[PDB]
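This report refers to the structure that appears directly beneath it.
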Amino acid sequence: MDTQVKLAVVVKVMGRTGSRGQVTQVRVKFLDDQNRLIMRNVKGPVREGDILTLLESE
Amino acid sequence: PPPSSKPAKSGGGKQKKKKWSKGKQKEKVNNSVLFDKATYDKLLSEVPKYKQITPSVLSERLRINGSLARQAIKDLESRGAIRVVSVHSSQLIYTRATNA
Amino acid sequence: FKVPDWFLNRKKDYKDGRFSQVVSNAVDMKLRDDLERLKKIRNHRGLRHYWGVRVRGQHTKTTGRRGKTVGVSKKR
Amino acid sequence: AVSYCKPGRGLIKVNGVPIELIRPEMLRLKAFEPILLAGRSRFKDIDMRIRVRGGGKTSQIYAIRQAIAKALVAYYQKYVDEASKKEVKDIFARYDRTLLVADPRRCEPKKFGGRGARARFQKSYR
Amino acid sequence: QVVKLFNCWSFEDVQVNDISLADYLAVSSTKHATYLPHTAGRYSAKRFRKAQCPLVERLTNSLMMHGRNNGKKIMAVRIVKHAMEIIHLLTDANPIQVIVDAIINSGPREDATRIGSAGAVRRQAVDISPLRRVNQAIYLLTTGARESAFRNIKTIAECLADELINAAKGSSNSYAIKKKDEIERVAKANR
Amino acid sequence: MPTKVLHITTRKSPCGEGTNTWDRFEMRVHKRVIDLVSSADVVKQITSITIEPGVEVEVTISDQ
Amino acid sequence: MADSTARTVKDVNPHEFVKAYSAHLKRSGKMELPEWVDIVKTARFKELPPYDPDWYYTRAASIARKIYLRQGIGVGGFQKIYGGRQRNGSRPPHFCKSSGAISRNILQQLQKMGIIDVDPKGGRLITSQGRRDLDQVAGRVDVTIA
RNA sequence: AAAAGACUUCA
RNA sequence: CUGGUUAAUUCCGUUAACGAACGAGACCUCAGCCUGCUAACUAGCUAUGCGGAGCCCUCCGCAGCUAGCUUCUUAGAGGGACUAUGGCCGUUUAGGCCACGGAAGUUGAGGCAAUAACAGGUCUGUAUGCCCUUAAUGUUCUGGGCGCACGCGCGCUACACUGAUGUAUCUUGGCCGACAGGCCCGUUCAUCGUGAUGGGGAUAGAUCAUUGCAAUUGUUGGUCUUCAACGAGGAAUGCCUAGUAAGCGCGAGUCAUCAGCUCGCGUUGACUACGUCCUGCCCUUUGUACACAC
């Protein structure tokens with residue numbers, strides 16, 4: 001357990017690799033069922049305001 | 009998941025050969041043992057109540073009987089009316105006992 | 077059908093006899109008679125068998141590992 | 024009388040339609056449709072608009088397409104019938120429009136530039 | 010009504026239970042869906058929902074290719090079509106629904122890219138953005154069916170039906186489900 | 065009425081050698097234009113021949 | 001009863017057509033092979049033991065659907081149509097057809113019967129009679145399909 | 001915040 | 001130099017510069033260049049006949065430059081599509097995405113790619129400075145040579161159901177033939193039982209024709225018979241952004257002969273496309289003991 005809500009917006013690039021352009025983790029909140037912040041792992045850069053399902057998560 | 013060894017000046021490695029191989033059929037189709045009842049009732053007749061319809065090939069595989077071998081069995085049953093086939097190109101098709 | 081050599085009985089060894097058919101152990105057995113053959117006759121075919129090189133022409137460029145042994149380390 | 028021909032095009036091969044409206048029989052090379060393209064899914068791509076519409080008997084389509092494979096034949100055949108209807112009826116403009124029309128495609132085979140083993144996948148070395 | 014799709018099966022009855030995956034599984038197109046084959050360039054824009062789909066197009070399309078040599082989409086369309094009727098006669102349920110059950114079961118939640126950084130190689134586990142899920146899943150279902158067909162007297166239309174029904178039932182006999190929960194097991198662990 | 069097309073397209077890696085890519089299509093059309101009259105008078109033939117405008121155009125009066 | 005027939009001589013998936021027709025062809029007086037066949041006539045498999053349903057007829061029938069639409073059509077037009085005769089990979093062939101001997105034999109028997117005539121260069125053209133069996137049969141078939 | 005070394009003489 | 005943008009010193013905005021060339025783009029090319037047409041008919045459609053067919057009703061064939069037009073064919077013009085129209089926050093020009101529609105700002109593939117350097121390569125695709133030379137490394141022929149214990153390379157074919165095979169879906173007429181010739185005129189479905197086989201065609205022998213004087217180390221096709229290695233391939237690598245990889249065949253050149261070569265064409269037709277996160281590259285930056293050059 002660890003829920004699984006409709007959509008999610010990226011709060012901020014939690015740090016990571018980088019140099020120019022960001023593979024590695026990000027902290028996201030779930031858009032509805034708010035106030036669970038977890039770090040989901042993704043490929044590729046992002047930008048804040050991108051909206052994504054992190055689908056099942058669990 | 010792995011392959012085999014590797015070649016030798018020659019040469020090749022391989023590794024694999026199989027299960028085997030019996031249900032040679034058409035010989036056992038003529039003589040009474042598989043032809044008389046058993047193959048029809050057990051394989052063909054017993055399988056059907058669990059699932060009313062099944063493809064011939066699937067039947068082929070579970071039953072472990074040759075596609076030709078129970079083509080013939082199927083045909084006999086069809087004449088009896090115990091089974092009804094449908095059609096398809098690849099000799100595949102569907103096998104049913106009764107509609108109901 | 078049939079098959080019979082004929083011509084005038086003149087020719088010694090080897091001929092054809094009229095397409096041996098036949099086939100099978102008589103043909104493998106005669107295929108030896110035929111290998112043996114060319115060799116005493118001293119033709120370019122026989123001469124190749126004694127040598128062990130493939131007779132009806134390959135690329136050679138590679139491939140022929142079979143023809144007279146396994147890959148045999150470097151060379152000299 | 025009745026015969027309205029608007030000539031599409033989209034892939035090689037040429038479909039002239041002169042259509043006199045009656046029972047829903049379909050011809051190609053002046054020979055019955057299902058049987059000429061016996062054993063095909065792409066044949067029923069054509070068949071799509073002489074069912075689905077709620078018009079069955081209102082189009083007897085007489086079709087001749089000449090020169091290239093089995094596959095190509097459907098996409099053109101279809102376009103023509105829709106385009107003709109749109110001109111007369113402005114209410115069956117939503118017949119032409121919502122059921123797909125108009126691609127040249129323009130992606131039928133491409134240039135062969137040298138070096139290519141096929142044309143464009145340059146050699147394995149060099 | 011007169012539903013088409015090989016002229017035997019409906020598709021707007023087909024339910025996709027995973028809400029996230031559902032919104033990328035097109036069973037409906039601009040007027041409604043169909044399956045009749047083509048192609049249609051819409052490319053690959055990012056972030057958002059970003060393409061239209063058909064599962065049935067992907068699945069036949071995995072088959073012609075994987076695996077391997079020689080076959081064609083006309084043969085592939087035929088095998089999918091044969092596999093779909095074999096599926097319906099062994100499930101008594103719409104084979105489009107059964108492939109959706111197989112794809113949701115065979116589509117892993119998380120995946121495991123291999124990144125070299127500093128002096129070593131980590132895999133920290135990643136997203137699998139939902140068109141990639143759909144695909145890994147189909148592919149594994151097709152590769153399984155291909156693999157089964159290579160080494161058994163079983164038509165592959167049957168083997169595709171056999172793999173698809175085992176995946177669309179959670180059965181670790183299936184190559185596709187077994188590889189899915191292998192991938193989730195490594196992706197969950199390598200943190 | 066100007067009918068059908070004649071191409072000889074010959075592409076040589078010109079040489080080095082070795083030259084085996086970035087090779088060459090210089091591709092050559094020669095074009096054929098066939099013009100009738102409905103009635104071939106004595107009078108037609110003679111006017112048409114005398115003043116005949118070909119610079120690079122090669123034109124053959126023909127023939128049963 | 002006509003309606004299905006007529007057409008269908010033309011438009012019907014061969015395979016029931018050729019099958020359907022071959023039985024009607026059996027009745028005829030002719031079919032002299034004068035032993036030409038036996039030497040090794042066709043593709044591989046294909047010496048003519050099987051042929052009494054499988055080659056001879058389906059071949060006789062064969063020409064006959066072709067000729068109506070295609071005509072005028074000659075011996076080369078026949079030889080080819082089944083055949084390969086592909087430029088090889090050199091590891092294959094393929095099979096080998098003949099088929100001057102083949103084509104010739106089917107055309108002779110038909111002529112005696114009155115079915116085909118020969119133009120002095122366009123090859124031989126369908127008679128009234130040749131249309132008359134082919135189409136009156138294409139009649140039974142369209143029914144069995146529908 | 002870097003696994004990793006060489007590379008004949010004269011022109 | 002910078003600021004931004006882009007395949008693009010591409011364009012803009014700044015600037016000790018103001019220009020200017022040359023590449024790029026533009027251009028001629030082809031893919032759909034189409035489209036209603038202007039142009040003519042190869043041809044297509046359509047009309048009318050007529051030989052018939054089902055039983056002018058429906059259908060095939062050809063008839064006359066016989067009638068006209070057209071997707072075919074064909075050349076032109078225009079159509080181009082251009083931010084002209086409408087959108088969105090935004091130093092500012094912009095970028096990003098979306099629509100009409102045959103199709104949008106790099107519509108696409110590269111054929112049209114700069115100079116200079118590389119003692120690169122070609123003296124034999126094409127001359128030739130000079131030296132072996134000089135009634136010879138000329139001649140005009142007859143014969144022979146492009147073997148493979150072994151390694152690299154391209155490439156072709158298989159391992160088996162995306163299967164196998166059978167049937168069905170310079171040339172010719174037609175009489176005689178098994179390929180191979182030599183003339184008289186002129187996907188359907190029987191089979192396949194997933195079997196190193198009905199896989200695979202390797203090899204070797206017998207032998208017939210043809211190209212050619214000749215087929216033997218060096219023609220091809222092949223009656224027929226041997227029935228090889230190989231169970232999908234390692235250390236590893238190429239190429240690919242959707243009509244592209246890949247797969248199927250053929251034509252053209254090559255050419256007395258020729259596996260398959262190089263080249264193009266059409267057909268069948270997939271996946272992935274976000275980024276610079278080993279390699280080549282760009283400009284700017286800094287250091288530099290190096291200067292045919294890590």
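Chains as they are written, first to last, in the deposited numbering: chain SY, 1 to 58; chain SV, 9 to 108; chain SM, 77 to 152; chain SI, 24 to 149; chain SF, 10 to 200; chain SJ, 65 to 128; chain SS, 1 to 146.
All C-beta atoms, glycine included, are put in the ideal place defined by N, C-alpha and C.
C-beta contact flag for residue i and residue j at 9 Å
{"i": "SI/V124", "j": "SI/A86", "result": "no"}
{"i": "SF/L68", "j": "SF/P139", "result": "no"}
{"i": "SV/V65", "j": "SF/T164", "result": "yes"}
{"i": "SF/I88", "j": "SF/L169", "result": "yes"}
{"i": "SF/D171", "j": "SF/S157", "result": "yes"}
{"i": "SM/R124", "j": "SM/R130", "result": "yes"}
{"i": "SY/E56", "j": "SY/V9", "result": "no"}
Member of the options whose CA lies at the smallest distance from the CA of residue i
{"i": "SI/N38", "options": "SI/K108, SI/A97, SI/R138", "result": "SI/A97"}
{"i": "SF/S38", "options": "SF/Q106, SF/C62, SF/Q133", "result": "SF/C62"}
{"i": "SJ/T124", "options": "SJ/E81, SJ/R96, SJ/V107", "result": "SJ/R96"}
{"i": "SM/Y90", "options": "SM/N101, SM/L114, SM/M105, SM/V79", "result": "SM/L114"}
{"i": "SV/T62", "options": "SV/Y102, SV/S94, SV/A16, SV/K14", "result": "SV/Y102"}
{"i": "SM/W127", "options": "SM/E112, SM/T139, SM/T138", "result": "SM/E112"}
{"i": "SI/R76", "options": "SI/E105, SI/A90, SI/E110", "result": "SI/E105"}
{"i": "SF/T151", "options": "SF/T122, SF/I162, SF/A185", "result": "SF/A185"}
{"i": "SS/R124", "options": "SS/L33, SS/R70, SS/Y82, SS/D135", "result": "SS/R70"}
{"i": "SI/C28", "options": "SI/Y102, SI/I114, SI/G79, SI/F55", "result": "SI/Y102"}
{"i": "SV/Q23", "options": "SV/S13, SV/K17, SV/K30", "result": "SV/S13"}
Cutoff 9 Å: residue i Cβ touching any chain SY Cβ
{"i": "SF/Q10", "result": "no"}
{"i": "SF/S29", "result": "yes"}
{"i": "SF/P139", "result": "yes"}
First through last residue of the alpha helix (DSSP H) which encompasses residue i
{"i": "SJ/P66", "result": "From DSSP, SJ/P66 is part of no alpha helix (DSSP H) but of the beta strand (DSSP E) over 66-73."}
{"i": "SI/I69", "result": "67-70"}
{"i": "SM/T136", "result": "First-last for SM/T136: undefined, no H or E at that position."}
{"i": "SF/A198", "result": "184-198"}
{"i": "SF/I28", "result": "28-31"}
Span of the beta strand (DSSP E), counted from its first residue to its last, around residue i
{"i": "SS/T127", "result": "Here SS/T127 belongs to no beta strand (DSSP E), and DSSP marks it neither H nor E."}
{"i": "SM/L123", "result": "It is not in any beta strand (DSSP E) - SM/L123 instead sits in the alpha helix (DSSP H) that spans 120-127."}
{"i": "SI/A61", "result": "No beta strand (DSSP E) contains SI/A61, which DSSP labels as neither H nor E."}
{"i": "SI/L50", "result": "49-51"}
{"i": "SJ/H94", "result": "91-97"}
Interface flag, residue i vs chain SI, CB-CB below 9 Å
{"i": "SS/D119", "result": "no"}
Residue i beta carbon near the ligand NAD (any heavy atom closer than 8 Å)
{"i": "SS/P120", "result": "Inclusion of the ligand NAD in the displayed structure is not the case, the ligand content being empty and no account of it being possible."}
Test: residue i CB closer than 9 Å to a CB of chain SS
{"i": "SI/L95", "result": "no"}
is_contact[residue i, chain SV] using C-beta, thresh 9 Å
{"i": "SM/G147", "result": "yes"}
Proximity test, Cβ basis, 9 Å: residue i and chain SF
{"i": "SI/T81", "result": "no"}
{"i": "SV/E54", "result": "no"}
{"i": "SV/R78", "result": "no"}
{"i": "SI/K67", "result": "yes"}
{"i": "SV/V65", "result": "yes"}
{"i": "SY/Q25", "result": "yes"}
Residue i at chain SM interface by Cβ criterion, 9 Å
{"i": "SV/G21", "result": "no"}
Requested in this report: With a floor of 4 residues, list each alpha helix (DSSP H) that falls wholly inside the region 97-166 of chain SF, ordered by position along the chain.
Outcome: 104-115, 140-159, all fully within the region 97-166 of chain SF.
Query raised in the report: Can you list the beta strand (DSSP E) stretches of 3 or more residues lying completely in the region 4-44 of chain SY, in chain order?
Result: 9-12, 26-29, 37-40
Requested in this report: Could you tell me which uninterrupted alpha helix (DSSP H) segments, each at least 4 residues in length, are contained entirely in the region 28-107 of chain SV, listed from first to last along the chain?
Outcome: 35-38, 40-43, 54-58, 64-71, 75-88
Report task. Could you name each continuous beta strand (DSSP E) segment of 3 residues or more that falls completely within the region 62-144 of chain SS, going from the start of the chain to the end? Result -> none
Report task. Scan the region 84-119 of chain SI and note each continuous alpha helix (DSSP H) run of 4 residues or more that stays entirely inside, going in chain order. Result -> Correct list: 96-111, 116-119.
Query raised in the report: Which parts of the region 26-60 of chain SS are runs of the alpha helix (DSSP H), unbroken and 4 residues or longer, counting only runs that do not cross its ends?
Result: 51-54
Requested in this report: Output the residue ranges of the beta strand (DSSP E) runs that lie fully inside the region 17-73 of chain SF and measure 3 residues or longer, sorted by chain position.
Outcome: none
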